[PDB]
Amino acid sequence: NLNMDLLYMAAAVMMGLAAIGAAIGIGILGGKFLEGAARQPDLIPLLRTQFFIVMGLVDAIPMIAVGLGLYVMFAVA
Amino acid sequence: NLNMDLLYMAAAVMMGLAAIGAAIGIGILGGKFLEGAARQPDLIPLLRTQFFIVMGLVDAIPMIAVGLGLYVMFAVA
Amino acid sequence: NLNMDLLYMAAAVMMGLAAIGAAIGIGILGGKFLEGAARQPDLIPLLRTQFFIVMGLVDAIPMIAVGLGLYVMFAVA
Amino acid sequence: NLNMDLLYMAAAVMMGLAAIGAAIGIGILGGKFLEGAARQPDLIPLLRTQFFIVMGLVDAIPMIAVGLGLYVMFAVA
Amino acid sequence: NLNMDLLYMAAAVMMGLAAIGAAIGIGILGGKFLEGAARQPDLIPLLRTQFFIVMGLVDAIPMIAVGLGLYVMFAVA
Amino acid sequence: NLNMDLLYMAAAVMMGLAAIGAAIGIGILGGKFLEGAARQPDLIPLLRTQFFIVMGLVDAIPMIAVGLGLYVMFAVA
Amino acid sequence: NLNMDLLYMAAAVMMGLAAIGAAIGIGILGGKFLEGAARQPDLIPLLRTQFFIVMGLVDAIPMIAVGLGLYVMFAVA
Amino acid sequence: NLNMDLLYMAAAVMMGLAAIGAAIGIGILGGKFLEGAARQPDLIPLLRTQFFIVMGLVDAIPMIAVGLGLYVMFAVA
Amino acid sequence: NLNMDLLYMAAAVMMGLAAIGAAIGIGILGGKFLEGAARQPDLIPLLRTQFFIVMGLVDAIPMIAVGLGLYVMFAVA
Amino acid sequence: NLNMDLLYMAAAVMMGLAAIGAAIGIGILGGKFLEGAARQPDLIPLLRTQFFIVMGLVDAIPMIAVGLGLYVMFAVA
Amino acid sequence: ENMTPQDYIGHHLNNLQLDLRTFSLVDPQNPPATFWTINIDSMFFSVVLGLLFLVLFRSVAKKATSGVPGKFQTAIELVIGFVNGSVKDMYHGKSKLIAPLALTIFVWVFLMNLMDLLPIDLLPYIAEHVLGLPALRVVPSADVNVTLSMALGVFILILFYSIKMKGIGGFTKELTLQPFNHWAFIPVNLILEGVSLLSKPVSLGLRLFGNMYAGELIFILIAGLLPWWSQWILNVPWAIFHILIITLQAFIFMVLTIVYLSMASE
Amino acid sequence: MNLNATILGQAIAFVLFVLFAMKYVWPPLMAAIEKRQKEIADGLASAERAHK
Amino acid sequence: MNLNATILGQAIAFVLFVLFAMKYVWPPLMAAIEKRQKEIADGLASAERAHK
Amino acid sequence: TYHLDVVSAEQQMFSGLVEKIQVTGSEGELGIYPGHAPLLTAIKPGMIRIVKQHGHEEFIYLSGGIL
């Protein structure tokens with residue numbers, strides 16, 4: 001018994017917290033992007049360039065946690 | 001055996017956290033969008049277009065967690 | 001027996017977190033809508049239109065989570 | 001009997017988290033309503049009407065979670 | 001038996017979550033009330049009137065949860 | 001017997017959550033109070049009067065939950 | 001015996017949340033205080049005054065919790 | 001016996017919550033301190049004096065919780 | 001035997017918490033960066049370097065929770 | 001058996017919370033550092049000096065909680 | 001059909017694998033255990049896409065006019081300019097090698113993600129029913145294997161540029177002194193900068209893996225669990241949404257690869 | 001349990017998806033490619049007139 | 001899911017396509033575009049000289 | 001009540017003791033009652049509303065300005 005289900009619960013923790021961290025952090029960054037864009041429309045291609053530049057750092061560790069949660073669900077269990 | 005309900009409780013946690021993350025992240029992004037829309041009404045179609053691009057990022061991880069929840073609830077149990 | 005019982009606990013976490021996520025996301029978005037409406041009264045119906053559009057994106061995942069909460073509590077019950 | 005007592009805990013989570021969701025969601029919204037009133041005492045009715053409209057959306061899922069909390073706690077017990 | 005202290009924990013859950021919900025909801029709304037007062041320090045009675053109007057709503061669900069916490073705390077628990 | 005353990009635990013949770021709720025709710029209200037004061041000290045005693053008028057409401061559910069928490073811990077033991 | 005474990009756990013969680021509440025409640029208030037001092041440098045002693053006035057309210061429930069935490073850990077256990 | 005490992009888990013959570021509470025509280029205070037320094041940099045020694053004064057008031061409950069956590073880990077366990 | 005598996009339930013906590021800490025910690029930081037870039041759009045390449053300097057300090061303690069989390073899962077077991 | 005495992009789970013909870021505390025505290029402090037610097041580039045070296053000074057305080061209590069996680073795994077084990 | 005849906009979902013995930021010892025097309029009923037079992041589907045579809053990209057662009061690179069371009073040439077030069085601009089703005093060193101690497105990543109990853117869009121059972125149906133082949137899954141990017149192979153390639157390049165442009169003394173001084181730059185804390189900096197370095201490729205690989213794997217798993221589930229008539233209404237939204245996912249996950253991988261190398265050389 | 005009927009459901013969704021892409025996604029791309037041809041043509045025509 | 005030899009297989013295919021694209025595609029296309037840009041801009045040189 | 005001046009660079013347009021004004025400030029319409037905290041804003045062109053003491057309303061048209 002105790003082999004399977006705890007790994008499913010561990011994965012459910014990893015992937016749930018990774019979705020919380022990613023979706024709030026990306027929402028905040030995108031909000032500040034839209035505020036700048038509404039102020040400075042000519043900048044929108046410049047600002048969206050900087051948005052993607054910064055955004056790539058935000059989910060890097062949440063994607064670590066999702067990749068390992070997939071490994072524990074599919075690879076081990 | 002009692003393995004089934006632990007798998008259900010794991011999926012329940014994972015979907016709950018994913019709905020919190022999605023709803024807050026989009027809620028924040030939409031709030032800053034509506035501020036921009038109030039300032040720049042002629043811009044709102046353009047800002048609405050740019051708003052969907054980042055909204056797709058914000059939802060990307062929540063959709064992973066929803067899919068894995070559905071796998072555990074429907075497919076494993 | 002407990003197989004039956006813990007499924008109410010799972011439904012309780014699913015529905016509680018979906019309610020928190022939905023009510024927070026819509027509350028933030030609505031606050032920014034009321035701030036725009038107070039500033040720009042002639043814009044009120046146009047902003048109302050955009051508010052409903054973006055509210056429909058905010059509510060998708062909470063409604064998935066309550067849809068599963070209702071499937072769990074009535075179907076596996 | 002082993003069954004009903006745990007169901008008081010499941011009601012306690014459903015009704016508690018729905019309380020957090022509705023309380024904070026409406027607290028934020030009403031705060032932005034008060035800002036709008038303080039800028040425009042002359043428009044205080046019109047904004048109150050818009051507040052009640054969006055307040056009706058915000059509490060919809062909390063009303064679901066409490067309605068079913070009452071069903072589980074009193075009626076299924 | 002195990003029932004009694006479990007039901008007191010269930011009440012303690014509903015009272016904790018309702019205290020959090022009410023205290024944050026009213027603190028946010030009251031903060032916006034005080035800034036609105038500091039803006040127009042001669043319109044305090046009108047803003048206080050609208051503040052109590054919305055306060056009754058933000059209290060409504062917390063006061064349900066406290067009443068039920070009371071119901072179990074002195075009846076079944 | 002065991003009953004003491006869960007009664008002390010329920011007091012610790014119920015008062016710990018009431019403590020967070022009151023601490024942050026007053027810290028937020030006080031933040032807006034001190035901002036409004038620093039903008040114009042001549043108002044400070046009027047703002048102080050309205051601040052205490054509001055602060056009496058934020059404390060309601062926290063102090064109720066403390067009253068029940070002390071009753072549980074000492075009287076129900 | 002088994003009473004020791006849950007007494008120590010109760011007092012730990014009780015006082016952890018007290019640290020969370022009081023440190024954030026004063027952190028926020030201290031921030032808006034330091035904004036005021038850096039906006040308005042003469043008022044500082046009057047700002048410091050009224051800051052101390054409200055600081056005494058934030059600590060009220062955290063100090064109860066910490067007082068009751070020492071009671072559990074050293075007067076009961 | 002079971003006894004010691006729950007005491008380790010209790011100290012672990014007590015100091016983990018102390019670390020969150022103090023680190024975020026000092027982050028918020030430090031942020032408003034830095035914006036103030038950027039606004040009026042000739043006031044940095046006075047702002048340092050006040051920042052340290054307030055920092056002494058924030059950390060008191062965290063350092064109390066640190067003290068108990070360290071006593072339980074080294075002395076009791 | 002659970003001696004191989006509860007490590008993985010612990011590891012899900014360790015890095016899952018750190019992921020929300022880092023992702024929201026970067027998400028806030030990137031948010032303030034983008035606003036300044038809209039205010040100082042010539043200065044951005046300076047700003048981006050200063051962003052990387054302070055961002056480089058955000059990593060460390062989330063990175064330990066990741067590294068020890070992986071080490072617990074695959075070095076310790 | 002699982003006596004030794006719970007010490008790893010205690011280390012995990014302690015380090016996971018300390019990672020949240022430090023990562024958010026530095027995330028906010030660094031954000032306000034960046035906005036200050038964007039407004040005043042001549043100040044950037046002075047601001048960065050005060051930033052490193054305040055960051056030392058932000059880090060110290062997370063540092064002790066992480067050192068206790070390392071001592072639990074390596075030294076107490 | 002004798003397939004239980006509960007196991008139909010599983011068989012999909014199982015790869016076609018070639019055992020370096022047996023050279024045998026394994027099937028989902030029993031998985032053998034060794035490292036040397038190449039995932040046949042991934043290599044073949046990956047090189048088919050990457051060589052198709054190289055041939056189409058080489059054919060225009062051979063013809064290419066400085067007059068009015070053909071419409072097809074216009075789309076190719078459009079994306080050439082799109083990449084060139086992104087490189088020029090992000091990278092301010094000389095090296096010729098950055099721009100083609102970025103172009104290969106962007107188009108090849110875009111094509112690999114695009115591979116997922118084609119209906120999940122259609123090629124497995126062709127393989128099993130007509131061609132009698134034992135297994136198939138078509139998307140390379142769904143694997144960890146391809147995503148880590150690429151991310152480790154970029155990690156090597158980071159080491160190459162950082163020792164080329166500033167060398168061992170600068171590189172080690174950064175790793176040892178920075179962040180604090182305080183000689184009293186060098187061991188801490190050594191940990192923090194090592195794990196910060198290693199975090200960049202692992203995050204690069206796992207982001208793309210996790211997105212494309214869960215997208216496939218959704219298509220598998222929709223095909224497996226629901227009644228087929230009902231499947232169209234749910235499947236159309238996910239396919240549309242997935243178009244945005246496949247595009248942004250390619251774009252983000254290219255963008256971060258450039259940023260990390262520009263940060264390494266400067 | 002029809003792999004075919006599920007393949008029928010796939011075929012419905014996939015044709016719906018193509019029809020959407022052809023009405024809503026490809027024309028925006030072709031319009032940009034045609035704008036690029038336009039900018040190139042006008043650049044060359046104006047360069048010839050300056051040589052004249 | 002698990003680790004595999006395929007990681008090395010893809011690493012070889014990747015470095016080959018990297019060098020092939022680098023030499024053959026990239027300078028030829030960028031040279032074609034910049035040769036067009038040159039002949040268009042030198043048409044302005046015609047006007048600068050003619051006007052002076 | 002409060003003393004209001006409306007003044008142009010050329011001439012004075014109004015002076016008097018006022019109960020309230022309603023004003024189309026640039027970032028959304030504004031209203032000034034007595035004791036209102038210190039404020040500074042640009043305004044858009046349009047009719048300002050004046051309520052003179054003993055309630056006697058009158059309008060003024062402004063082409064812009066700073067309040």
# chains A, B, ... in the order shown; residues from 1 in each chain; ligands from 1
>>> closest_atom_pairs(of="chain A", to="chain I", cutoff="8 Å", atoms="only C-alpha atoms", output="Markdown table")
| residue | atom | partner | partner_atom | distance |
| --- | --- | --- | --- | --- |
| A:2 | CA | I:2 | CA | 5.9 |
| A:3 | CA | I:5 | CA | 6.4 |
| A:6 | CA | I:9 | CA | 6.4 |
| A:7 | CA | I:8 | CA | 6.7 |
| A:9 | CA | I:9 | CA | 7.0 |
| A:10 | CA | I:9 | CA | 4.5 |
| A:11 | CA | I:12 | CA | 6.7 |
| A:13 | CA | I:12 | CA | 5.9 |
| A:14 | CA | I:12 | CA | 5.0 |
| A:15 | CA | I:16 | CA | 7.7 |
| A:17 | CA | I:16 | CA | 5.3 |
| A:18 | CA | I:19 | CA | 6.1 |
| A:20 | CA | I:20 | CA | 6.5 |
| A:21 | CA | I:20 | CA | 3.7 |
| A:22 | CA | I:23 | CA | 5.9 |
| A:24 | CA | I:24 | CA | 6.5 |
| A:25 | CA | I:27 | CA | 4.1 |
| A:26 | CA | I:27 | CA | 6.2 |
| A:28 | CA | I:27 | CA | 6.1 |
| A:29 | CA | I:31 | CA | 4.6 |
| A:30 | CA | I:31 | CA | 7.8 |
| A:31 | CA | I:31 | CA | 7.8 |
| A:32 | CA | I:31 | CA | 5.3 |
| A:33 | CA | I:34 | CA | 6.3 |
| A:35 | CA | I:35 | CA | 7.7 |
| A:36 | CA | I:38 | CA | 5.4 |
| A:37 | CA | I:38 | CA | 7.8 |
| A:39 | CA | I:38 | CA | 7.7 |
| A:40 | CA | I:38 | CA | 6.8 |
| A:43 | CA | I:38 | CA | 7.7 |
| A:47 | CA | I:34 | CA | 7.5 |
| A:50 | CA | I:34 | CA | 7.6 |
| A:51 | CA | I:34 | CA | 7.5 |
| A:54 | CA | I:30 | CA | 6.2 |
| A:55 | CA | I:30 | CA | 7.8 |
| A:57 | CA | I:26 | CA | 7.3 |
| A:58 | CA | I:23 | CA | 4.9 |
| A:59 | CA | I:23 | CA | 6.1 |
| A:61 | CA | I:19 | CA | 5.7 |
| A:62 | CA | I:19 | CA | 5.3 |
| A:65 | CA | I:16 | CA | 6.6 |
>>> select_by_dssp(residues="chain C", states="alpha helix (DSSP H)", output="PDB file with C-alpha atoms, in the first residue's frame")
ATOM      1  CA  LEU C   2     -14.312   5.831   5.514  1.00  0.00           C
ATOM      2  CA  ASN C   3     -14.046   5.557   1.716  1.00  0.00           C
ATOM      3  CA  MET C   4     -17.401   7.382   1.708  1.00  0.00           C
ATOM      4  CA  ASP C   5     -16.415   9.808   4.480  1.00  0.00           C
ATOM      5  CA  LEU C   6     -13.103  11.234   3.224  1.00  0.00           C
ATOM      6  CA  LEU C   7     -14.728  12.060  -0.144  1.00  0.00           C
ATOM      7  CA  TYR C   8     -16.699  14.744   1.701  1.00  0.00           C
ATOM      8  CA  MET C   9     -13.373  16.099   3.000  1.00  0.00           C
ATOM      9  CA  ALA C  10     -12.037  16.176  -0.566  1.00  0.00           C
ATOM     10  CA  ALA C  11     -15.151  17.954  -1.830  1.00  0.00           C
ATOM     11  CA  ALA C  12     -14.767  20.394   1.081  1.00  0.00           C
ATOM     12  CA  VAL C  13     -11.209  21.356   0.113  1.00  0.00           C
ATOM     13  CA  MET C  14     -12.084  21.595  -3.601  1.00  0.00           C
ATOM     14  CA  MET C  15     -15.106  23.829  -3.041  1.00  0.00           C
ATOM     15  CA  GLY C  16     -13.494  25.924  -0.303  1.00  0.00           C
ATOM     16  CA  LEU C  17     -10.444  26.718  -2.420  1.00  0.00           C
ATOM     17  CA  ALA C  18     -12.564  27.355  -5.526  1.00  0.00           C
ATOM     18  CA  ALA C  19     -14.704  29.813  -3.531  1.00  0.00           C
ATOM     19  CA  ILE C  20     -11.609  31.610  -2.196  1.00  0.00           C
ATOM     20  CA  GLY C  21     -10.026  31.832  -5.650  1.00  0.00           C
ATOM     21  CA  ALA C  22     -13.184  33.033  -7.398  1.00  0.00           C
ATOM     22  CA  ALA C  23     -14.234  35.563  -4.756  1.00  0.00           C
ATOM     23  CA  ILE C  24     -10.730  37.068  -4.493  1.00  0.00           C
ATOM     24  CA  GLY C  25     -10.185  37.254  -8.265  1.00  0.00           C
ATOM     25  CA  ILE C  26     -13.564  38.850  -8.961  1.00  0.00           C
ATOM     26  CA  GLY C  27     -13.207  41.175  -5.952  1.00  0.00           C
ATOM     27  CA  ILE C  28      -9.872  42.570  -7.190  1.00  0.00           C
ATOM     28  CA  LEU C  29     -11.178  42.925 -10.746  1.00  0.00           C
ATOM     29  CA  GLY C  30     -14.410  44.544  -9.569  1.00  0.00           C
ATOM     30  CA  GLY C  31     -12.492  47.020  -7.420  1.00  0.00           C
ATOM     31  CA  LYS C  32     -10.504  48.205 -10.431  1.00  0.00           C
ATOM     32  CA  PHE C  33     -13.757  48.386 -12.406  1.00  0.00           C
ATOM     33  CA  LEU C  34     -15.429  50.569  -9.758  1.00  0.00           C
ATOM     34  CA  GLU C  35     -12.396  52.840  -9.635  1.00  0.00           C
ATOM     35  CA  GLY C  36     -12.548  53.338 -13.397  1.00  0.00           C
ATOM     36  CA  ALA C  37     -16.323  53.831 -13.345  1.00  0.00           C
ATOM     37  CA  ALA C  38     -16.110  56.480 -10.612  1.00  0.00           C
ATOM     38  CA  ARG C  39     -13.480  58.309 -12.655  1.00  0.00           C
ATOM     39  CA  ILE C  44     -19.436  52.895 -17.341  1.00  0.00           C
ATOM     40  CA  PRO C  45     -21.355  50.702 -19.853  1.00  0.00           C
ATOM     41  CA  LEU C  46     -18.307  50.132 -22.058  1.00  0.00           C
ATOM     42  CA  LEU C  47     -16.182  49.207 -19.047  1.00  0.00           C
ATOM     43  CA  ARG C  48     -19.031  46.969 -17.844  1.00  0.00           C
ATOM     44  CA  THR C  49     -18.770  45.108 -21.158  1.00  0.00           C
ATOM     45  CA  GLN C  50     -15.032  44.583 -20.782  1.00  0.00           C
ATOM     46  CA  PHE C  51     -15.458  43.622 -17.113  1.00  0.00           C
ATOM     47  CA  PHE C  52     -17.814  40.788 -18.072  1.00  0.00           C
ATOM     48  CA  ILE C  53     -15.423  39.651 -20.795  1.00  0.00           C
ATOM     49  CA  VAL C  54     -12.448  39.363 -18.422  1.00  0.00           C
ATOM     50  CA  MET C  55     -14.614  37.985 -15.570  1.00  0.00           C
ATOM     51  CA  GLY C  56     -15.470  35.081 -17.864  1.00  0.00           C
ATOM     52  CA  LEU C  57     -11.777  34.179 -18.073  1.00  0.00           C
ATOM     53  CA  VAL C  58     -11.256  34.514 -14.292  1.00  0.00           C
ATOM     54  CA  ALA C  60     -13.201  29.169 -15.789  1.00  0.00           C
ATOM     55  CA  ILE C  61     -10.955  27.180 -13.407  1.00  0.00           C
ATOM     56  CA  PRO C  62     -13.013  27.743 -10.222  1.00  0.00           C
ATOM     57  CA  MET C  63     -15.987  26.406 -12.186  1.00  0.00           C
ATOM     58  CA  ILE C  64     -13.937  23.362 -13.235  1.00  0.00           C
ATOM     59  CA  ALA C  65     -13.048  22.830  -9.568  1.00  0.00           C
ATOM     60  CA  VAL C  66     -16.659  23.098  -8.340  1.00  0.00           C
ATOM     61  CA  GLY C  67     -17.787  20.933 -11.270  1.00  0.00           C
ATOM     62  CA  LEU C  68     -15.462  18.228  -9.975  1.00  0.00           C
ATOM     63  CA  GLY C  69     -16.512  18.946  -6.377  1.00  0.00           C
ATOM     64  CA  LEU C  70     -20.139  18.278  -7.404  1.00  0.00           C
TER      65      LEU C  70
END
>>> residues_around(residues="residue N:8", least_positions_apart="4", cutoff="12 Å", atoms="only C-alpha atoms", output="number ranges by chain")
N: 12-15, 62-67
>>> calpha_fit_rmsd(fixed="chain L", moving="chain M")
2.2 Å
>>> residues_around(residues="stretch 44-52 of chain L", least_positions_apart="4", cutoff="12 Å", atoms="only C-alpha atoms", output="VMD selection string")
(chain K and resid 66 to 69) or (chain L and resid 37 to 40) or (chain M and resid 36 to 51)
>>> write_last_selection(atoms="N, CA, C and O atoms", output="compact mmCIF listing (two decimals), in the first residue's frame")
# COMPACT_ATOMS: atom_id res chain seq x y z
N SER K 66 17.99 39.79 -54.14
CA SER K 66 17.86 41.14 -53.59
C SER K 66 16.84 41.99 -54.34
O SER K 66 16.82 43.21 -54.19
N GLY K 67 15.98 41.36 -55.14
CA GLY K 67 14.87 42.04 -55.77
C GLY K 67 13.60 41.94 -54.95
O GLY K 67 13.64 41.86 -53.72
N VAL K 68 12.46 41.92 -55.64
CA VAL K 68 11.23 41.57 -54.95
C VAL K 68 11.20 40.07 -54.71
O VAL K 68 11.23 39.28 -55.67
N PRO K 69 11.14 39.63 -53.45
CA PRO K 69 11.13 38.20 -53.15
C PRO K 69 9.81 37.55 -53.50
O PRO K 69 8.75 38.19 -53.50
N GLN L 37 6.02 42.25 -48.76
CA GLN L 37 6.21 42.42 -50.20
C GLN L 37 5.92 43.86 -50.64
O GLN L 37 6.65 44.42 -51.47
N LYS L 38 4.88 44.48 -50.09
CA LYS L 38 4.55 45.87 -50.43
C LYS L 38 5.67 46.84 -50.05
O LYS L 38 6.07 47.68 -50.86
N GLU L 39 6.18 46.74 -48.83
CA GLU L 39 7.29 47.60 -48.38
C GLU L 39 8.55 47.41 -49.22
O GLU L 39 9.22 48.39 -49.58
N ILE L 40 8.82 46.18 -49.65
CA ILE L 40 9.98 45.93 -50.51
C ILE L 40 9.79 46.54 -51.89
O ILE L 40 10.69 47.23 -52.42
N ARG M 36 20.15 43.98 -50.70
CA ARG M 36 18.98 44.78 -51.09
C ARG M 36 18.95 46.12 -50.36
O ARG M 36 18.70 47.17 -50.97
N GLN M 37 19.16 46.09 -49.05
CA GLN M 37 19.17 47.31 -48.24
C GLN M 37 20.20 48.33 -48.75
O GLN M 37 19.91 49.53 -48.85
N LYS M 38 21.39 47.85 -49.08
CA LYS M 38 22.43 48.69 -49.67
C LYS M 38 21.98 49.35 -50.97
O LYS M 38 22.12 50.57 -51.13
N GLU M 39 21.42 48.58 -51.90
CA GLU M 39 21.06 49.18 -53.20
C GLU M 39 19.90 50.17 -53.09
O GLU M 39 19.92 51.25 -53.72
N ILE M 40 18.97 49.92 -52.16
CA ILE M 40 17.91 50.87 -51.87
C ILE M 40 18.47 52.15 -51.25
O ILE M 40 18.15 53.26 -51.69
N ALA M 41 19.32 52.04 -50.22
CA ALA M 41 19.84 53.23 -49.55
C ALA M 41 20.76 54.06 -50.45
O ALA M 41 20.66 55.29 -50.48
N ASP M 42 21.64 53.42 -51.22
CA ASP M 42 22.44 54.11 -52.24
C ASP M 42 21.60 54.82 -53.31
O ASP M 42 22.06 55.80 -53.93
N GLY M 43 20.35 54.40 -53.50
CA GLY M 43 19.48 55.25 -54.30
C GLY M 43 19.27 56.63 -53.70
O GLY M 43 19.09 57.61 -54.44
N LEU M 44 19.25 56.75 -52.37
CA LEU M 44 19.25 58.08 -51.75
C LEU M 44 20.54 58.86 -52.02
O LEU M 44 20.52 60.10 -52.05
N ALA M 45 21.66 58.16 -52.15
CA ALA M 45 22.94 58.77 -52.51
C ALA M 45 22.86 59.48 -53.85
O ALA M 45 23.45 60.55 -54.06
N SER M 46 22.08 58.90 -54.76
CA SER M 46 21.78 59.54 -56.04
C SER M 46 21.15 60.94 -55.88
O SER M 46 21.62 61.92 -56.47
N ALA M 47 20.19 61.07 -54.98
CA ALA M 47 19.54 62.35 -54.68
C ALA M 47 20.46 63.32 -53.95
O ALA M 47 20.50 64.51 -54.29
N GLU M 48 21.22 62.85 -52.98
CA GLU M 48 22.17 63.70 -52.26
C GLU M 48 23.20 64.35 -53.20
O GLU M 48 23.33 65.59 -53.24
N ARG M 49 23.81 63.56 -54.06
CA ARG M 49 24.76 64.08 -55.05
C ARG M 49 24.09 64.97 -56.10
O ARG M 49 24.60 66.06 -56.39
N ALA M 50 22.96 64.56 -56.65
CA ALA M 50 22.25 65.35 -57.66
C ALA M 50 21.82 66.72 -57.14
O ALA M 50 22.02 67.75 -57.81
N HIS M 51 21.25 66.76 -55.93
CA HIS M 51 20.85 68.02 -55.31
C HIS M 51 22.06 68.92 -55.05
O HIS M 51 21.99 70.14 -55.26
>>> interface_residues(of="chain N", to="chain D", cutoff="9 Å", atoms="only C-alpha atoms", output="PyMOL selection string")
chain N and resi 22+29-32
>>> write_last_selection(atoms="N, CA and C atoms", output="PDB file, in the first residue's frame")
ATOM      1  N   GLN N  22     -18.170  71.171  -8.652  1.00  0.00           N
ATOM      2  CA  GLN N  22     -17.980  69.933  -9.393  1.00  0.00           C
ATOM      3  C   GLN N  22     -17.184  70.205 -10.663  1.00  0.00           C
ATOM      4  N   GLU N  29     -13.596  63.044 -13.063  1.00  0.00           N
ATOM      5  CA  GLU N  29     -14.338  64.137 -12.466  1.00  0.00           C
ATOM      6  C   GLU N  29     -14.179  64.173 -10.956  1.00  0.00           C
ATOM      7  N   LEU N  30     -14.143  65.388 -10.428  1.00  0.00           N
ATOM      8  CA  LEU N  30     -13.777  65.677  -9.057  1.00  0.00           C
ATOM      9  C   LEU N  30     -14.822  66.587  -8.426  1.00  0.00           C
ATOM     10  N   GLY N  31     -14.887  66.557  -7.093  1.00  0.00           N
ATOM     11  CA  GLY N  31     -15.755  67.458  -6.341  1.00  0.00           C
ATOM     12  C   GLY N  31     -15.094  68.030  -5.102  1.00  0.00           C
ATOM     13  N   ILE N  32     -15.167  69.351  -4.904  1.00  0.00           N
ATOM     14  CA  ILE N  32     -14.525  70.000  -3.763  1.00  0.00           C
ATOM     15  C   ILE N  32     -15.542  70.528  -2.771  1.00  0.00           C
TER      16      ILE N  32
END
